[PDB]
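Student: Numbering (the authors' numbering), first residue to last: 22 to 142.
Just dropping this structure here.
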């Protein structure tokens, strides 16, 4: 149908907007602390602590499969990266501090992305 195609064009445009957002969020992690999943070979107990692991490469695979229906689902995944880190790592660690900074700096980007998604529909 012609509707399904129109739908697919907007999903594709959302994917386009979210791709740009993801690149901007990832630029706020220059140390690449959140770039890849936490290694289960190197942290074998991780899943006893964190039930829903997330990282920027995993978000990217979902993104490119157009697996994000809306910005809310995307934000959920971003928030997991942050919140998982702030639970597993103590406050005085480079990792915890890196998450706080990504959260703070990320807020500006997500703020504008919400306006852009509402605005363009």
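Beta carbons are placed, not taken as given, at the ideal position from N, Cα and C, and that holds for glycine.
Measure the Cβ-Cβ separation of residue 43 and residue 87 and say whether it is below 9 Å.
Tutor: The answer is no: Cβ separation not under 9 Å.
Student: Quick one: what's got a C-beta closer than 7 Å to residue 110's C-beta in the same chain, skipping five residues either side?
Tutor: So the qualifying residues of the chain are 116, 117.
Student: Do the segment 46 to 58 and the segment 71 to 91 touch if we need at least three Cβ pairs shorter than 8 Å?
Tutor: Enough Cβ pairs lie closer than 8 Å, so yes.
Student: To the nearest angstrom, report how far apart residue 121 and residue 95 are at their CA atoms.
Tutor: The straight-line gap from Cα to Cα measures roughly 18 Å.
Student: For the alpha helix (DSSP H) that contains residue 24, what are its first and last residues?
Tutor: Looking at the DSSP string, the run of the alpha helix (DSSP H) that includes residue 24 is 23 to 48.
Student: Would you say residue 57 and residue 69 are within 9 Å of each other, going by their C-beta atoms?
Tutor: No; because the gap between Cβ atoms is not below 9 Å, this pair is not in contact.
Student: For residue 22, I'd like the list of residues in its chain whose CB is within less than 7 Å of its CB, leaving aside the five on either flank, ordered along the chain.
Tutor: Around residue 22: no qualifying Cβ.
Student: Can you check the segment 41 to 97 for any alpha helix (DSSP H) of at least 4 residues that lies completely inside it and give the ranges in chain order?
Tutor: Listed in chain order, the complete alpha helix (DSSP H) runs (minimum 4 residues) inside the segment 41 to 97 are 67 to 70, 77 to 85.
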